[PDB]
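S.K.: File follows, input_17.cif with mmCIF, N, CA and C atoms and all ligand atoms:
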data_my_file
loop_
_atom_site.group_PDB
_atom_site.id
_atom_site.type_symbol
_atom_site.label_atom_id
_atom_site.label_comp_id
_atom_site.auth_asym_id
_atom_site.auth_seq_id
_atom_site.Cartn_x
_atom_site.Cartn_y
_atom_site.Cartn_z
ATOM 1 N N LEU A 2 101.601 85.994 104.140
ATOM 2 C CA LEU A 2 100.648 85.813 105.202
ATOM 3 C C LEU A 2 99.199 85.985 104.756
ATOM 4 N N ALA A 3 98.921 86.988 103.926
ATOM 5 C CA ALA A 3 97.572 87.235 103.453
ATOM 6 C C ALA A 3 96.940 85.947 102.905
ATOM 7 N N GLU A 4 97.626 85.329 101.954
ATOM 8 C CA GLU A 4 97.029 84.192 101.276
ATOM 9 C C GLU A 4 96.985 82.961 102.175
ATOM 10 N N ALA A 5 97.963 82.781 103.057
ATOM 11 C CA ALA A 5 97.894 81.723 104.058
ATOM 12 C C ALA A 5 96.576 81.819 104.855
ATOM 13 N N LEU A 6 96.267 83.040 105.288
ATOM 14 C CA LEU A 6 95.034 83.286 106.023
ATOM 15 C C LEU A 6 93.814 82.966 105.153
ATOM 16 N N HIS A 7 93.847 83.417 103.900
ATOM 17 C CA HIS A 7 92.713 83.181 103.008
ATOM 18 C C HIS A 7 92.466 81.693 102.809
ATOM 19 N N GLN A 8 93.521 80.929 102.572
ATOM 20 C CA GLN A 8 93.354 79.492 102.340
ATOM 21 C C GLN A 8 92.912 78.775 103.624
ATOM 22 N N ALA A 9 93.529 79.105 104.754
ATOM 23 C CA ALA A 9 93.185 78.509 106.028
ATOM 24 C C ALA A 9 91.695 78.644 106.324
ATOM 25 N N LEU A 10 91.153 79.801 105.958
ATOM 26 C CA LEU A 10 89.775 80.112 106.299
ATOM 27 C C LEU A 10 88.782 79.496 105.336
HETATM 28 CO CO CO B 1 93.372 85.748 98.639
#
How would this structure read if it were set down as structure tokens?
M.R.:
Amino acid sequence: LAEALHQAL
């Protein structure tokens, strides 16, 4: 989840 959020943003 952490990296999903980072990439999305
Ligand atoms: Co990151």
S.K.: Collect all residues with atoms no farther than 6.5 Å from ligand CO 1 (chain B), counting only N, CA and C atoms and all ligand atoms, and output them as a ChimeraX atom specification.
M.R.: /A:3-4,7-8
S.K.: Using only the atoms of region 4-10 of chain A listed in the file, plus 5 Å on each side, state the axis-aligned box centre and edge lengths in Å rounded to one decimal, as JSON.
M.R.:
{"center_x": 93.4, "center_y": 81.9, "center_z": 103.8, "size_x": 19.2, "size_y": 16.8, "size_z": 15.0}
S.K.: Among chain A, which ones does DSSP assign to alpha helix (DSSP H) (computed from the backbone)? Answer as number ranges by chain.
M.R.: A: 3-9
